[PDB]
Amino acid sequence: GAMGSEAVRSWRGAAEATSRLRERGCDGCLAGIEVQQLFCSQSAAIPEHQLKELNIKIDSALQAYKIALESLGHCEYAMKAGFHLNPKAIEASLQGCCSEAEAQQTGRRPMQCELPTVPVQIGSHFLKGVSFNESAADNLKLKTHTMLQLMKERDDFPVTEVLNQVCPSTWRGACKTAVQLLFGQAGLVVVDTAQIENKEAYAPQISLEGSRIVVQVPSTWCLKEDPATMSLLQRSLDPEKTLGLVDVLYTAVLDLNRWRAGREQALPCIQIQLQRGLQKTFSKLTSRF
């Protein structure tokens, strides 16, 4: 339908907007991809001379990536989630953003076990992630009752459908894909989760606005040199170094009038911004007690 078409154009538009991060080398290949292919073709024994040539090419690719990244500034990007709705589209838009293997798997595919460890704020109530000494079942029961009560203020309400959206198995792959579309370069720059000091500051927020349930899930990701590529090049590999930090806000809206009318719900939205209104929301979420 039109929702799916809009989503695909949003993934294409993201990859096109930052395509300067994925420029091919002088020999027409992405340099990191060339390194990995030669490591395979040379049976893990790249001779010393080719290794130096490759390290020189990779130095230049990393310099170009950094200059291109700077040239993008810090604008807020937006796209739809929904990658599972069109595997062929997302694989096509991820070309050059991550490995061919990871692109092939991206389109292809929940709370009972994950929700207890997720801290989440429902309305005005902060609900902790379970501690080892606490009943996970009781943590779950409190979360589902608070969810239900937000709407009552069980079987008839979409409690599970909303709470599924704060489970990492639902949002985390989609957020990683968004950051890859924008900032990845296959074989050279990879996306991973950032080290968060206070997990509770990143707790998702669930709110009731009129007849709409709004789920907001914040996260932060790092851009790093591709560790396999750097290890194959016999380079100094500091796994803690980052080329940048990227803030992401995932927003899912369940319209309760559409739910009972059986009408189509909107796809989740993803907002993305390189660290130096996503920023306003980040500051509203981090300030919660």
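In this text, residue numbers run from 1 along the sequence as written.
A.B. asks: Between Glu153 and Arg154, what class does the number of missing deposited residues fall in: none, 1 to 3, 4 to 9, or 10 or more?
C.D. replies: Per the deposited record, the segment joining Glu153 and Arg154 lacks coordinates for 4 to 9 residues.
A.B. asks: Between 192 to 200 and 162 to 170, name whichever shows the higher mean Cα B factor according to the PDB entry.
C.D. replies: Going by the record's values, the stretch with the higher mean is 192 to 200.
A.B. asks: What stretch has the higher average Cα B-factor here, 100 to 108 or 75 to 83?
C.D. replies: Higher mean C-alpha B-factor in the PDB entry: 100 to 108.
A.B. asks: Checking the entry, which one of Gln216, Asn133, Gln121, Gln95 has the top C-alpha B factor?
C.D. replies: Each of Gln216, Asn133, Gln121, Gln95 was compared by C-alpha B-factor; the highest is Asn133.
A.B. asks: Using only the C-alpha B-factors in the record, can you name which of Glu225, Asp59, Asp247, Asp27 has the highest?
C.D. replies: Answer for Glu225, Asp59, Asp247, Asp27: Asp27, with the highest C-alpha B-factor.
A.B. asks: Which third, lowest, middle or highest, does the CA B-factor of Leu233 fall in along this chain?
C.D. replies: CA B-factor rank for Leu233: lowest third.
A.B. asks: Could you say whether, by C-alpha temperature factor, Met147 belongs to the lowest, middle or highest third of its chain?
C.D. replies: For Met147, whose C-alpha B-factor we compare with every modelled residue in the chain, the answer is the middle third.
A.B. asks: Once the chain's modelled residues are ordered by C-alpha B factor and cut into thirds, is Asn257 in the lowest, middle or highest one?
C.D. replies: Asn257: CA B-factor falls in the highest third of its chain.
A.B. asks: Report the third (lowest, middle or highest) to which the CA temperature factor of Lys88 belongs, ranking only the modelled residues of the same chain.
C.D. replies: Middle third, going by the recorded CA B-factors of the chain.
A.B. asks: Lowest, middle or highest third: where is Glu264 by Cα B-factor in its chain?
C.D. replies: It falls in the top third of the chain.
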